[PDB]
């Protein structure tokens, strides 16, 4: 069969300890699950399963995907579960949900991701007991999200390795970062994010409506060039040319093409292929290169056939290398900005860029699109979408 994405939605990407500083991830997920149902004309009672990628669920309780679905009104007869492939969790959950319908084990899937890096706690193993001496409380965000398990250094150090192997200077990375901020600021002023964003009510001394990405700001090349390196003491990656820590959620609604036709739904696009490949963890930023090539081969497309591309900009150094290797037209890649300016909610980033890719394809009439991300531990994932 053929699987389509009938609708999509996402929250505003909040800043670290910002708008969603005390909002649990499943509360953000419930808002997005409710949104994709209303935008497609599908009642919650018709959902079979909810697949939400999430990387930092410590302290959220039993199965936060189930909590988000129940809060969204999905009936108890349906099932829900989370999955963790780091930064590709949000996009991989869509591929997994697509397979549920392809094998005939489900009819309607809500797939996506959610992440609240502000709510990540500090932890320590204390069952054995500390007989003597000092011990460390571990930041679960750094440990389970931003630190390579094999080599021990931060993910930003991996971007420094890509910068050396591809010989990307500090000036070329700052130019990529400033260009990313300007494309995002222009898209926000023109309202190109209003379609995909669903407003979220932060209930507090009065409720607050969060409707815009609080990370999108105006950047200047001079202020960027003054920043000190954030990882290597004599390195190239800074806080300006690297993605930020963020909160948010995003999801999509999946069904077969015949099911959408019977319901009179005009889908956002049809999933034509997908792929996931592993690379060396030292250069995990090069993940999207073999993943995109494998997805295009599975779809039968050449790189020149793509009308629009959404590649997640974890770091300026990795994103420059991905565009250089694949050699696609940079004018069709992240036309509304990227994670360097909008933000990077790890569990939801895969579904976030998939939202931007779908609405921009319908807005400009693009026929063939591709979304791809790099994954910590040395992996990449990509998906090809054709418009309907």
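Residue numbers count along the first chain shown, from 1.
Problem set entry | Missing from the model but present in the deposited sequence, between residue 75 and residue 76 | Nothing is missing between them.
For this session: On mean C-alpha B-factor from the PDB entry, just flag whether 125-133 or 237-245 is the higher one.
Result: Averaging CA B-factors over each stretch, the winner is 125-133.
Exercise. Going by the B-factors listed in the PDB entry, is the mean over the C-alpha atoms higher for 323-331 or for 356-364?
Worked result: The deposited B-factors put 323-331 ahead on the C-alpha mean.
Exercise. Looking at 256, 188, 167, 276, which has the highest CA B-factor as recorded?
Worked result: Spelled out: the listed residue with the top C-alpha B-factor is 167.
Exercise. Based on the PDB record, which member of 267, 112, 218, 285 exhibits the highest Cα temperature factor?
Worked result: Largest recorded C-alpha B-factor: 218.
Exercise. Going by what the PDB entry lists, where does residue 263 fall on CA B-factor within its chain: lowest, middle or highest third?
Worked result: Its C-alpha B-factor, which the entry lists for residue 263, ranks in the middle third among residues of this chain.
For this session: Would you mind checking where the Cα B-factor of residue 205 ranks among the modelled residues of its chain, as the lowest, middle or highest third?
Result: Highest third of the chain for residue 205's C-alpha B-factor.
Exercise. Thinking about Cα B factors across the chain, which third does residue 60 belong to?
Worked result: Highest third of the chain for residue 60's C-alpha B-factor.
Exercise. Residue 145's Cα B-factor: lowest, middle or highest third of the chain?
Worked result: For residue 145, whose C-alpha B-factor we compare with every modelled residue in the chain, the answer is the lowest third.
Problem set entry | Position of residue 281 among the chain's modelled residues by C-alpha B-factor, lowest, middle or highest third | Highest third, going by the recorded CA B-factors of the chain.
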